[PDB]
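A.B. asks: no FASTA, just this:
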Ligand SMILES: CCCCCCCCCCC(CCCCCCCCCC)(CO[C@H]1O[C@@H](CO)[C@H](O[C@@H]2O[C@@H](CO)[C@H](O)[C@@H](O)[C@@H]2O)[C@@H](O)[C@@H]1O)CO[C@H]1O[C@@H](CO)[C@H](O[C@@H]2O[C@@H](CO)[C@H](O)[C@@H](O)[C@@H]2O)[C@@H](O)[C@H]1O
Ligand SMILES: CCCCCCCCCCC(CCCCCCCCCC)(CO[C@H]1O[C@@H](CO)[C@H](O[C@@H]2O[C@@H](CO)[C@H](O)[C@@H](O)[C@@H]2O)[C@@H](O)[C@@H]1O)CO[C@H]1O[C@@H](CO)[C@H](O[C@@H]2O[C@@H](CO)[C@H](O)[C@@H](O)[C@@H]2O)[C@@H](O)[C@H]1O
């Protein structure tokens, strides 16, 4: 009788996470029609966004460490209420400091979304199907971000800005009780069945640092290419400004399909596996996609000129997105799967912590080296770094897998 329970649990988690991500960018969704009532500038916008980003960055790690002990049913609902209440309070106030102080709590509550879902997925679904549903659930954020602007446009036309956030908060509070009532933390509670590791042992496993370095390199390269690619294409390749938007759209469209396909293929690879404590069945795609990333970077840098047509650029962007948005999901799955059953949350939190520094590296230093020599001089550096990391991961493949 696993079918009904799995269906209802996944539906509840999908709706809950869609609402969590929708109630995170609602400020940006309603921003246009908010300056006429309260006169602001770009500095206030930066202040609020920075406060939210810092709060989210801290809360992700804190929640990831905490969720290993507290229930994964009383977090996924408490965070959603808090988000809804903060949204309502934002709706019923109009001044910069209350906005800045409320959005900090918004981010702090937003940080409590994923770890409970990951824990429930690990302790409910099969070990050979844990990557497909992970990838499918990850697309709720994409769906919310792609459909939200349209709903905001058709809603704020017939109402005001304070008339939208109140409804969003009411919806969040209403659905919080449903997600609390429907989610079962473990299959043993109902009456079904499913199938000694200190934290120091987790911190004393080389595989964790290998995964951390891989995630750092992949995320840094992706951030660099998705940030300064338009500037490279508009100031060195002599292309029209129109091709940048198409290039980014192709990159995102390819990335979504890449994530889903990587999840499904890695899950399929596990069925035909001679389970052991050495190696990893998901390592084939964790290397093939990185090689594809390097090849696509080389082709984008070398064989692109004003003579090149639009189709070539679109294909290159799609291939780069397909090869770039997959290894991130695979790193997440591997870090949340190769850990002791009572320490899944901590390992994922430590791996994800290694991404803020990657973003910082992909930020100002890249602009500095571009300012000193050129854009191509920095893209070549990124290329060689990625190639060296791919090689190093290639030789270091049979390292011990099970942490602890
Ligand atoms: C108890 C703390 C203990 C640590 C102290 C060391 C320093 C701590 C600060 C580091 C940290 C929290 C640390 C988390 C917990 C650490 C626990 C580790 C324990 C190890 C055992 C906050 O770091 C900064 O975040 C910046 C906000 O961005 C702010 O700088 C201001 O903004 C600057 C430009 O951003 C300007 O220069 C200027 O406007 C300010 O300067 C700062 O106020 C804040 O300090 C990490 O924040 C990072 O989150 C990521 C989110 O992805 C952010 O990436 C981006 O964010 C958005 C734009 O940023 C984008 O929209 C988003 O697309 C992109 O992803 C990063 O940018 C950064 O935000
Ligand atoms: C099993 C899946 C179930 C179905 C759900 C998932 C599939 C739906 C995907 C929807 C999708 C694909 C667009 C092509 C559609 C064909 C796709 C084929 C499948 C569908 C048949 C829409 O992507 C665009 O959709 C547009 C609206 O249509 C938005 O325009 C807006 O509207 C204007 C006025 O309305 C306004 O001026 C203005 O607000 C916008 O300009 C764009 O903002 C949005 O990027 C992807 O959305 C998702 O992609 C990711 C990429 O990482 C993006 O997240 C990013 O993360 C950071 C870095 O990772 C980025 O730095 C950050 O910027 C971004 O947060 C977002 O894009 C996210 O939302």
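C.D. replies: Right, received. Where do you want to start? Residues are numbered from 1 along each chain as shown. Ligands and ions are numbered 1, 2, ... in the order given.
A.B. asks: On the C-terminal side of the helix or strand containing residue 270, identify the next helix or strand.
C.D. replies: Residue 270 is part of helix 242-271 when elements are defined by DSSP states H and E. Counting by DSSP H and E, the next helix or strand C-terminal to helix 242-271 is helix 283-302.
A.B. asks: Quick check: which helices or strands does that following helix pack against?
C.D. replies: When contacts are defined as 3 or more Cβ pairs under 8 Å, 6 or more residues apart in numbering; DSSP states H and E, helix 283-302 packs onto helix 206-235, helix 242-271, helix 310-337, helix 375-395. C-beta coordinates here come from the backbone N, C-alpha and C atoms, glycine included.
A.B. asks: could those go into CSV alongside mean neighbour count?
C.D. replies: As requested, those are arranged in CSV below (neighbours: other Cβ atoms under 10 Å):
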stretch, mean neighbour count
helix 206-235, 19
helix 242-271, 18
helix 310-337, 22
helix 375-395, 16
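A.B. asks: Go through those and name the closest to residue 350.
C.D. replies: helix 206-235 (6.7 Å; Cβ to Cβ).
A.B. asks: From the contact counts, what lies against that closest one?
C.D. replies: helix 242-271, helix 283-302, helix 310-337, helix 344-353, helix 356-362, helix 364-372, helix 375-395.
A.B. asks: same thing but at 6 Å, please
C.D. replies: For helix 206-235, the packing partners by 3 or more Cβ pairs under 6 Å, 6 or more residues apart in numbering; DSSP states H and E come out as helix 310-337, helix 344-353, helix 356-362, helix 375-395.
A.B. asks: how about the residues of the chain near ligand 1?
C.D. replies: Listed as neighbours of ligand 1 in the chain under the rule Cβ under 6 Å from any ligand atom: 46, 50, 53, 54, 57, 58, 61, 353, 356, 359.
A.B. asks: Save the residues you listed as a markdown table, and put in neighbour count too.
C.D. replies: Rendered in a markdown table, the data for the residues of the chain next to ligand 1 read as follows (neighbours: other Cβ under 10 Å):
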| residue | neighbour count |
| --- | --- |
| 46 | 10 |
| 50 | 13 |
| 53 | 13 |
| 54 | 13 |
| 57 | 17 |
| 58 | 14 |
| 61 | 16 |
| 353 | 15 |
| 356 | 15 |
| 359 | 16 |
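A.B. asks: which one of these sits closest to ligand 2?
C.D. replies: Ligand 2 lies nearest to residue 359 out of the residues of the chain next to ligand 1, by Cβ to the nearest ligand atom, at 10.6 Å.
A.B. asks: Columns distance to residue 66 on top of the helices and strands packed on helix 283-302, output as JSON lines?
C.D. replies: Listed next are the helices and strands packed on helix 283-302 as JSON lines, based on distance: least, Cβ to Cβ, whole Å:
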{"stretch": "helix 206-235", "distance to residue 66": "19"}
{"stretch": "helix 242-271", "distance to residue 66": "27"}
{"stretch": "helix 310-337", "distance to residue 66": "16"}
{"stretch": "helix 375-395", "distance to residue 66": "31"}
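A.B. asks: quick one: which of those is nearest ligand 2?
C.D. replies: Across these, closest to ligand 2 is helix 242-271 (Cβ to the nearest ligand atom), at 3.8 Å.
A.B. asks: is any part of that closest one close to ligand 2?
C.D. replies: Yes. Residues of helix 242-271 contacting ligand 2 under Cβ under 6 Å from any ligand atom: 252, 253, 255, 256.
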